[PDB]
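See structure below.
We name chains A, B, ... by the order of the sequence lines, and we start the count at 1 in each one.
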Amino acid sequence: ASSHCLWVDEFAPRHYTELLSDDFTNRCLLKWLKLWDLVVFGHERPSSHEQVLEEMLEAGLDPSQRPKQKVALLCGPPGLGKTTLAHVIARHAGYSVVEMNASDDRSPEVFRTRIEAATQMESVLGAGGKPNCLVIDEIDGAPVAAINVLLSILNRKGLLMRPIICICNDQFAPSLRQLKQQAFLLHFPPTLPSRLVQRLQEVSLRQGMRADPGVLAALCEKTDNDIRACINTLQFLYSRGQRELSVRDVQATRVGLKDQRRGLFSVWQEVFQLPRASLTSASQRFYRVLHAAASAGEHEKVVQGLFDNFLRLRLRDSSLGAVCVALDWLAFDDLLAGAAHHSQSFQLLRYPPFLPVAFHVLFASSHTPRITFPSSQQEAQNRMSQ
Amino acid sequence: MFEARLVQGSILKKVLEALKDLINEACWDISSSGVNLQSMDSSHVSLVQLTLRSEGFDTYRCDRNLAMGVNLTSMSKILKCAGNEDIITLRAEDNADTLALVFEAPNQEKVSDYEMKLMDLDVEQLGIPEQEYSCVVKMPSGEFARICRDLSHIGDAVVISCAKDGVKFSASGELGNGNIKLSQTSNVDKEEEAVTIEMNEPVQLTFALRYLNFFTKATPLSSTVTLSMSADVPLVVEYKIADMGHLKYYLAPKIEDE
Amino acid sequence: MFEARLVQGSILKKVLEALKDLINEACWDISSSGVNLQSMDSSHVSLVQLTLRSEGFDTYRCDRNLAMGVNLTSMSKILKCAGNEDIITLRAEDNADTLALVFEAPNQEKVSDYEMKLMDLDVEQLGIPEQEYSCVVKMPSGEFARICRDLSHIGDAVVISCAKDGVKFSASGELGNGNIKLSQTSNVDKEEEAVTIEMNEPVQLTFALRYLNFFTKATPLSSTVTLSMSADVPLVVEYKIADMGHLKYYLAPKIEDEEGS
Amino acid sequence: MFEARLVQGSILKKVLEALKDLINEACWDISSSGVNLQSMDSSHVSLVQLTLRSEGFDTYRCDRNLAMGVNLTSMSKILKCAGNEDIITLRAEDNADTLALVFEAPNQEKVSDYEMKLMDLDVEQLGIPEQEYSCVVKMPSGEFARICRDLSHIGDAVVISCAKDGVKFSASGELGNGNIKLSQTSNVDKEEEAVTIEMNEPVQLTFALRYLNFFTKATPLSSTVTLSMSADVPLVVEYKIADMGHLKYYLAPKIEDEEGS
Amino acid sequence: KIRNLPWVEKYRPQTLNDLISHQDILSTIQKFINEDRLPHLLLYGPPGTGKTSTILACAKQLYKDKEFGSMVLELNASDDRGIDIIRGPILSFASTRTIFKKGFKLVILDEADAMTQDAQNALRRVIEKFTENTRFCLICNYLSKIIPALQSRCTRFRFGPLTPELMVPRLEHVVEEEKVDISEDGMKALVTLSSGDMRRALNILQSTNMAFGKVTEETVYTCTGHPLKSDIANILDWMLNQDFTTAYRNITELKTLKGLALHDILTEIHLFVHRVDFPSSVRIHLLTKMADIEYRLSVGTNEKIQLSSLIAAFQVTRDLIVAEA
Amino acid sequence: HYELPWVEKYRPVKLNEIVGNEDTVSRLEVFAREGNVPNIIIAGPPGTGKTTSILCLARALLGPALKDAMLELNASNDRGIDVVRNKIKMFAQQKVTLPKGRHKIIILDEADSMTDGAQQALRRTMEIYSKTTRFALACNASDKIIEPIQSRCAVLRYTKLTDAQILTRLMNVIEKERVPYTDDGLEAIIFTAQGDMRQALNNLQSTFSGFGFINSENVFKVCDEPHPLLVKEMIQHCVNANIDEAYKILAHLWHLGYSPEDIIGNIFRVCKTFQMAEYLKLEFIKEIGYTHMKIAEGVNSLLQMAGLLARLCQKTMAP
DNA sequence: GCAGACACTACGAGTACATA
DNA sequence: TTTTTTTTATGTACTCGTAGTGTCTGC
Ligand SMILES: Nc1ncnc2c1ncn2[C@@H]1O[C@H](COP(=O)(O)OP(=O)(O)OP(O)(O)=S)[C@@H](O)[C@H]1O
Ligand SMILES: Nc1ncnc2c1ncn2[C@@H]1O[C@H](COP(=O)(O)OP(=O)(O)OP(O)(O)=S)[C@@H](O)[C@H]1O
Ligand SMILES: Nc1ncnc2c1ncn2[C@@H]1O[C@H](COP(=O)(O)OP(=O)(O)OP(O)(O)=S)[C@@H](O)[C@H]1O
Ligand SMILES: [Mg+2]
Ligand SMILES: [Mg+2]
Ligand SMILES: [Mg+2]
């Protein structure tokens, strides 16, 4: 069935030794799932960001013979292997994977009865049946009442006897904010380029296509360390007309270039800090900053971060002219928002995307600014409401 | 070429209403012996084993063994329009993507032909559930449905305890405690209401109410139901139909015993 | 002076509940022969031709011919609070805007005079061809409503065919197909439940289920409906009211293209 | 000391629902004759009087002429927790700043006490003239509620006319006029259905619809209703609630248009 | 018979031969109709140029009166045109055939710039899929409010402003049909104050004929309230030739005597400063100051202070122009 | 029968009749000949041939099973959260017998109109049933499609068609339709097309129906010259503080009947990608937004656009 | 003949967003 | 290597929860 399936499914890992994630996260998830071995399998013996995880793996158990963090929340950018890690780690620890993803109904009653089905009963095969590990994929799109249902099931003192592992893409969702305080938080770093280059070499040599490690490194750079996007791009670009991959096919924007939603701190860093030493022209930096600030989204938070961070830099303008024209640009955005929300004319909403890039023309430095998250406007509004 | 002429649509209606909210798919296995359906939930909570032999149909033609993976709701949509007492021709080809059902449901010579598209369901294999049950009792189906509804009125789960005496049902809630004690009811004229006990080694388990109600929704399918339960083996209810086959429901107990 | 008198209020309630989600506004054409209403739907796909005879009313007078365009949601709200056993008087003057509906309460004590304001729509008259149809089928209205409701669960567009054998309905949907074929059901004790075939040439045409389900709401008006079909003229649903008049529904076929292959 | 007992709990459970969205507070005046409530609405249009005599209570203790002021946003939630056929006791001390309502739980196993803070409101009695009205009529209560509800779908304001023929309700809107009349209903078995006329001078006044619907929210308290009108006096809607007392509603008319020449 | 109608509705070009200006576009659309090759049309332009009249004349030419209600679906901004309407009545009208007689149907979407972009995105495959069965005509004034996917699917005709040379014979036809005594200066004033818009030409003609009984230059400029060219030339000469006080007194007396408004004075002075050979630094300052004054007149501001600022904007540049030499 | 317009009559039915984007179209030809095509999202300008390429690929892959092995959904369909859960997933689960290397194809045309939740529900039914069904999405704005869907598909990006690529298809249509022409008329059709094959075919059909001959005068009598190439000269004049020529271009655009909103939109679109100083570009964009607020308020005259041009000329001579 | 239960659509309500 | 919240004023669109209500089953 070589001509029947995708290369992302033909080269999917079927064992723990074939995973492409960070080894620390794999070991932490496996140790967290083996902390359930006493309650689930009835056996005493199973066979910085790192420091908190290693402490919570060695923190012990509650007197109900369970981990005190009963939910493992998995976070990261798309295409890293989070679903693959959850399924491989669950099938490796003797469990049976029960999936509940975003393609289901996700109403607070259907979510409730599906969790009660998945976790509150034993196997219908009797003895020898594998336990159920409830994998909840795409929890960041669930409503807040579904998260409340999940937490009420998690905090019944009706006792939860089976592990639950949740997978999300953005950990800072407003529906998961109570979950992060209660979950074994595993954040996925981007995959190592050398490991992905070696894996793409293995895939291309299995498919009989020749490629240098340089063009595969360029493809990994293009797709922002996405395994699935790189393998799909190789599957399209190889075909069977030609054998050897060319560097200009990867360098071209026709195949393999997808839109990446930028983080807020990455956008503030690329606005305030110049790139380190082509790309040295000011026009390319102008267009790059404009497109990154447009592709991030959440425009009001970007404006608040610019307003709260631009006076904390090592500003070279001692005459305060750059600060004055930046405040003029901020007042320009505010007037545009007011006029668009007053006259119902939202074609005025194409100019405030040029507010961040103006800051990039004003306060771009070669230093390393410590960008903080904006809180002053929201704290002031809450205090004014009080 | 597969043809099965079910003599009455009542049994098909009661089966597809019994497992309407129970299983998400129907996997009909077609052989020369009859039609088999061994389906399991995705969370491994309930199991359905339905067998309809070839003698229970008006006709039965089966050239090759077939696997009909079909949607539950798409067939409930069909037999919401079927007839209670009418002949139902369930037919399919050897290598086809469709499954046809021909009937004359309103008794008004209204020739209805309803087709379905198959589901491509992965071939999971469940060979034989082991049957070495210590406690085998017999009960009427209607009284079981009534007591399951009475438990559903109060609680959310049933504590079921077998005994040489009979089967005790318990349920607890904030409103109150619902409890009955089954007695020997063999001194009646009806043979369906007689409770026959062939048990040893009494077992007390806890089961979900919703799956028990879905199992006992098949009360008019058979007059008498058989209960088979033991320690660490899931509970079986069994409806023996009169001439077509039999139906087995398997329910896994709760982890929190008592 | 226009003054019609519906002998009971149930027929007007059934008519205005059949057309409520279909007809935008009611154009009552008034003459000495009776009351005519030829109105298209909001989508300009269906057509409604209602003809009420002068002999069906209690008292009917009409000096000069009128053409009253009135709103339908207002008339629906008027006819909602109307009885099924009481006389309803429709009044209209020569050069006024008040179309008066005069009836009694369900308590049967107090009068109720509900005026409506006439509209100015001056729409051009649509010509009914009144030609012969290649298929005429007499069938009960309840069976037609039941088969349209059963075909609405499978698909959205229904291929209806008619031949020498009988009328056939097909709904190729997402679950699958539903093919219901009924013929020669005249061998019952009732007279309304019968399927009769009058004309010759077989026709297969596809129609929307929403408009057919809207047309089936005239089931309490007539026990037996007539279906007229041909390859060029549209589908006609003809309800023959017992002693008041008749109602014709015209539905255009959908555009279907075969596969190039 | 104020200490009163009711004979039926449905009196409060039918009289506070009309005052739920009509008036913002309930001011009770305590005297030896009974309890008197005179409350004007926030828009200065409606005026509610409620006089329940001391002969209708199960017991009644009143030493000093006191006035209590309670809110509606808490009493409406408290009243829904109470029963229907139980007994309600109202208690108020001489110097305390709370009003206690003691009744039976709907489970009929425990006694429920609810306390409400006394709002110290500074009002003055407006003073009804109690003059001779130019029109007095008697109507059924539920029929008047159905009449006020049927004009809600037509216009935002109603017109009440009262000649010697009877009482005419009109509702002129963008849809069309809705006119209903009631006259000479003395030939019925029920005494509460007697639509009668009592005065001579005809009156035609335009009133609001929302306030009349709020007035007809208190219909099953009494059997009949009374309507009093004059040329400039506001509309008086009188309910004779059983034996303990009566209720009066005052509704001001609208400003008439400039139809002069 | 006679009717009580406005002259922009009493005189509507029911046929394509009665429209005056866009002769190549109308010839192409007439050859579209005659060859039975009518595409999806996109008529865009300034108001009062005859786009709705064009599509109504085409609909009356294509279809008879006995079948017009079954072939044409006309929707405008007064109707609900949400995405439920595109998926509902419009899609059912497109996907079904006719009732009485065979033919292709016509969906007219007047004022299509007022449609939401969800409805415009739902329109795309309705237009593309049922091209043989039904035709679509979008009419707009702003082309930027229609998505580029809908602009690709329709052939677009720009109905530009009506030139005053071709505007005269239609106005002469309306004048002869209404028994109006008009001079040549009155017709010149009509085609000047209309500015490529037959609606305002007919409205000003009807208003002047009702107010005065004759249509001359004085009657048109009195009924409209517009200042004459000599008044604007006098205002510019006073602003450029003498001091602040004398120019202020003369302009104030001219505005009080003739009842002029500052918006039209600003418009005509803006038209005049591009004709006067100013230096480029003077012209930029004058344009900026006059745009500021025109923006200040859009709210509750005293017109006397704005008139003084209009005088000030030229009293600043007088010395600069003279010292430039 | 009614003859289709040349956009719909001369829609390509094979993948080798599609001009432009030669490498991507050639790889789609290889995939249509062989099979086992990955999930695909085609993005690009309108009129490039994305729907044509997807439909031709689906037809060439499926053959006679196109009626039962393809699910085509548009923005004219519902395709909300309840349709991705119930209809798309049931089609992905549906058994369809196909030859080797061929899968079911769920064409989701114009995928920008789908909401975020429907695209979130699309992810797991894309990933699970990939051995039996495939996805072919077409879009204009690729940022409207979320990043999990773009990771689950091969993102092909179509570029705007060049002059020779449209000229080859125009020569094919002209030789099919026996249309007389000159080279200048075809150059004018290319000029009015602006990289759009739909507009090229529409303008060719309009000119041939109206006049019967394709020279520059007959094209420009019915079609129109493009806006931003003329706006760019005015912006270049405003950069050099030349107010007279900028007002000449502005008054020429005003007398053509263009509204102030279209003119200021073209001015902003030119000033986004203009070649000048970045701080001067930001000053220009801020002045354009300040004028556009006045346009949206209600004051939209020729004097306001002239004041905008004067302020843009002031921004040059104000360091 | 009349009470209990089933699904049906209409309607209330919360939320997001609107540009290139 | 750094995260909590409701304002902008309409119009539209989507999604979900709730409530009359027509009709079927049963003793
Ligand atoms: N070691 C590996 N070698 C090759 N392919 C792999 C490997 N690990 C994972 N993959 C594939 O790469 C993809 C990983 O993405 P998934 O784990 O399925 O989803 P995800 O990582 O959670 O990202 P999102 O947010 O769901 S898009 C899948 O298509 C896997 O089959
Ligand atoms: N070209 C024309 N020839 C003759 N009369 C015209 C012409 N254009 C406009 N008119 C007159 O102006 C009236 C209105 O013109 P319309 O056809 O409505 O123009 P329009 O382009 O639709 O304007 P908008 O954009 O809808 S406000 C017509 O009824 C005619 O009386
Ligand atoms: N590359 C091309 N080669 C040949 N004809 C083309 C090409 N692109 C477009 N066309 C023609 O233009 C018509 C429209 O093409 P489509 O593929 O529907 O446009 P599109 O690429 O989908 O752009 P949008 O975003 O859907 S408006 C086709 O029917 C062809 O007649
Ligand atoms: Mg995943
Ligand atoms: Mg118009
Ligand atoms: Mg397309």
North or south sugar at [N] (positive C1'-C2'-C3'-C4' torsion counts as north):
{"N": "H:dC24", "value": "south"}
{"N": "G:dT15", "value": "south"}
{"N": "H:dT4", "value": "south"}

Handout entry: Six-ring stacking criterion satisfied by H:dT8 and H:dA9 (under 5.5 Å, under 30°)
Key = no
With distance as the sole criterion, is a donor-acceptor pair present between the side chains of [X] and [Y] under 3.5 Å?
{"X": "A:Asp308", "Y": "A:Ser376", "result": "yes"}
{"X": "C:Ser152", "Y": "C:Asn213", "result": "yes"}
{"X": "A:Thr113", "Y": "B:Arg210", "result": "yes"}
{"X": "A:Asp22", "Y": "A:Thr25", "result": "no"}

What is the nucleic acid contact for [X], judged by heavy atoms within less than 4.0 Å: base, sugar-phosphate only, or nothing?
{"X": "A:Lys301", "result": "base"}
{"X": "A:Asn309", "result": "nothing"}
{"X": "A:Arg370", "result": "nothing"}
{"X": "A:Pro108", "result": "sugar-phosphate"}
{"X": "A:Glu379", "result": "nothing"}

Nearest whole Å is fine: how far is [N] [atom2] from [X] [atom1]?
{"X": "F:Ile264", "N": "G:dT19", "atom1": "CD1", "atom2": "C1'", "result": "14 Å"}
{"X": "F:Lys144", "N": "G:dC17", "atom1": "NZ", "atom2": "P", "result": "9 Å"}
{"X": "A:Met384", "N": "H:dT5", "atom1": "CE", "atom2": "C1'", "result": "14 Å"}
{"X": "A:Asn382", "N": "H:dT6", "atom1": "CG", "atom2": "P", "result": "7 Å"}
{"X": "C:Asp150", "N": "H:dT23", "atom1": "CG", "atom2": "P", "result": "15 Å"}
{"X": "C:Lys14", "N": "H:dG22", "atom1": "NZ", "atom2": "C1'", "result": "11 Å"}
{"X": "A:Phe111", "N": "H:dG17", "atom1": "CZ", "atom2": "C1'", "result": "19 Å"}
{"X": "A:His299", "N": "G:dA20", "atom1": "NE2", "atom2": "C1'", "result": "13 Å"}

Exercise for the section: For residues A:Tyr351 and F:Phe268, establish whether the separation of their ring centroids is below 6.0 Å. Expected result: yes
Exercise for the section: Assess whether side-chain contact (heavy atoms from CB on, under 4.5 Å) is satisfied between F:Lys89 and A:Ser103, documenting all intermediate values. Expected result: CA-CA 8 Å; F:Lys89 190 159 67 183; A:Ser103 67; 3.7 Å; yes
Exercise for the section: Look at the side chain of A:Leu349 and decide which nucleotide, out of H:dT2, H:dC16, G:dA18, has an atom nearest to it. Expected result: G:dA18
Exercise for the section: Looking only at side-chain atoms of A:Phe373, point me to the closest of H:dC16, G:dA18, H:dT4. Expected result: H:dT4
Practice task
State the CG-CG distance between F:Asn74 and E:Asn121, to the nearest 0.5 angstrom.
Solution key: 11.5 Å
Please write out each protein N/O paired with an N/O of nucleotides 1-3 of chain G under 3.5 Å, distance rounded to 0.1 Å.
none

Could you tell me how far [M] sits from [N] if I compare only their [atom1] atoms? Round to whole Å.
{"N": "H:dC27", "M": "G:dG4", "atom1": "P", "answer": "14 Å"}
{"N": "G:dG12", "M": "H:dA9", "atom1": "P", "answer": "27 Å"}
{"N": "H:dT8", "M": "G:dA18", "atom1": "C1'", "answer": "13 Å"}
{"N": "G:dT19", "M": "H:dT5", "atom1": "P", "answer": "30 Å"}

If the condition is salt bridge (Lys or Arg N to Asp or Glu O under 4.0 Å), which residues does [X] pass it with, not counting sequence neighbours?
{"X": "E:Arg124", "answer": "F:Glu110"}
{"X": "B:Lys14", "answer": "B:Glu17"}
{"X": "A:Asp224", "answer": "none"}

Taking only N/O atoms, report every protein-nucleotides 4-10 of chain G pair under 3.5 Å with atom names and distance.
none

Handout entry: Under 4.0 angstrom between A:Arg177 side-chain N/O and H:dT5 OP1 or OP2
Key = yes
Contacts under 3.5 angstrom, residues 295-305 of chain A side chains, donor-acceptor by atom type, not counting sequence neighbours:
residue  : atom : partner  : partner atom : Å
A:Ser295 : OG   : A:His291 : O            : 3.1
A:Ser295 : OG   : A:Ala292 : O            : 3.0
A:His299 : NE2  : A:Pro352 : O            : 3.2
A:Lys301 : NZ   : A:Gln304 : OE1          : 3.2

Listed partners of [X] passing ring pair (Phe, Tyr, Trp, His ring centres under 6.0 Å), at least two apart:
{"X": "A:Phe332", "answer": "A:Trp329, F:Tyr290"}
{"X": "A:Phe272", "answer": "none"}
{"X": "A:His341", "answer": "A:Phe346"}

Handout entry: Stem segments of DNA chain G by first residue number [Watson-Crick or G-U, under 3.5 Å, at least 3]
Key = G:2-18 with H:10-26
Exercise for the section: Check whether more than 12 heavy atoms from other residues, nucleotides or ligands sit under 6.0 Å from atom NZ of B:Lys20, and answer yes or no. Expected result: no
Handout entry: Pairs flagged by side-chain hydrogen bond (donor to acceptor under 3.5 Å, both in side chains) wherever residues 73-82 of chain B is involved - sequence neighbours left out
Key = none
Quick one: which protein N/O atoms are closer than 3.5 Å to N/O atoms of nucleotides 7-14 of chain H? Pair and distance per line, please.
residue : atom : partner  : partner atom : Å
H:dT8   : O2   : A:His341 : NE2          : 3.4
H:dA9   : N6   : A:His341 : ND1          : 3.1
H:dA9   : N3   : A:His341 : O            : 3.0
H:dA9   : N3   : A:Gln344 : NE2          : 3.3
H:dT10  : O4'  : A:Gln344 : NE2          : 2.9
H:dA13  : OP1  : E:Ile83  : N            : 3.0
H:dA13  : OP1  : E:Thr116 : OG1          : 3.0
H:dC14  : OP1  : E:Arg87  : NH2          : 3.3

